[PDB]
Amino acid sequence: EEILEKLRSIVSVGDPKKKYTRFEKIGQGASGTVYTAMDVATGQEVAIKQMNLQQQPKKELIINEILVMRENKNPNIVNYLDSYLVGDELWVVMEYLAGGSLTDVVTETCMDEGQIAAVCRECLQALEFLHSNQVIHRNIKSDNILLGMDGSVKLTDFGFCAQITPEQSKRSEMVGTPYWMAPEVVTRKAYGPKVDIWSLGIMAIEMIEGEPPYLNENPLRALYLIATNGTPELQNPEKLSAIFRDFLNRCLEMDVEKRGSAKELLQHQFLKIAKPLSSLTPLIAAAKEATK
């Protein structure tokens, strides 16, 4: 389709193996292989993600990533820098911070409520910004949270991103990762930005239990469980403070009406007991030691 030509008018022109040097593969997933690099001038280090378009197309969401992200900059988001197309590959240039994913922290260490509150505050800030600009991430999970060496928190991977409008402020595309999905998305009801709030809630369960509910099961079985069970239950709910349990239940409220939004969840008292972001850095050290 001309959808490839629409993409050819968005990207920049260049080698682009002339500016950016010092390539190192630091990742490889469904979003494509990710490299670290640096362009002459400099001294800015960058991350370059590479998709094989003529080997694993989609392909409407590909363009949607660039368009939505290039005009939505925020401190709590990995920021788009540029994009090129070479051969069959699409390259996306973005900021880089070193220091692992939240996933490595939540599956190899234990976070206290002060640390969970700091991570949640930063995430809510990114969501509150996205939602105020009619943007829904639709794939909130620890895998998509990045941790700076100074304890910074950045939302990443907007490949499943979606833009709403007052004329059609809801969606019905069954997108995201099964276990982190809101019920209204699982059961194909019309859904809004509050689905990000849900997945944030599931990600808190990660930070509490080390993994999202039903993870032992299979993706489809999980979707069924989410559909049936609705609001998931902690193995040991008593291990959480009263101010934390209230926070979770306002993130995981079945009633989309009664479920909190990012703007009002930033006002929750659970975020008041938040520790400074520097407390997250020993978790990063510990995460890297179990990773070895």
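The numbering used is simple: start at 1 and walk along the sequence shown.
- Between the stretches 244-252 and 51-59, it is 51-59 that shows the larger average CA temperature factor.
- Annotation for 136-144 versus 192-200: the higher mean temperature factor (C-alpha) is found in 192-200.
- As recorded in the PDB entry, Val86 shows the highest C-alpha B-factor of the residues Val93, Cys161, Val86, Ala118.
- In this PDB entry, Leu277 carries a Cα temperature factor that places it within the lowest third of its chain's modelled residues.
- The PDB entry assigns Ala30 a C-alpha temperature factor belonging to the middle third of its chain's modelled residues.
- Placement of the Cα temperature factor of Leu155 within the chain: lowest third of the modelled residues, per the deposited record.
- Sort the chain's modelled residues by C-alpha temperature factor and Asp82 lands in the middle third, per the entry.
- Ranked against the other modelled residues of its chain, the C-alpha B-factor of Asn64 as given in the entry falls in the lowest third.
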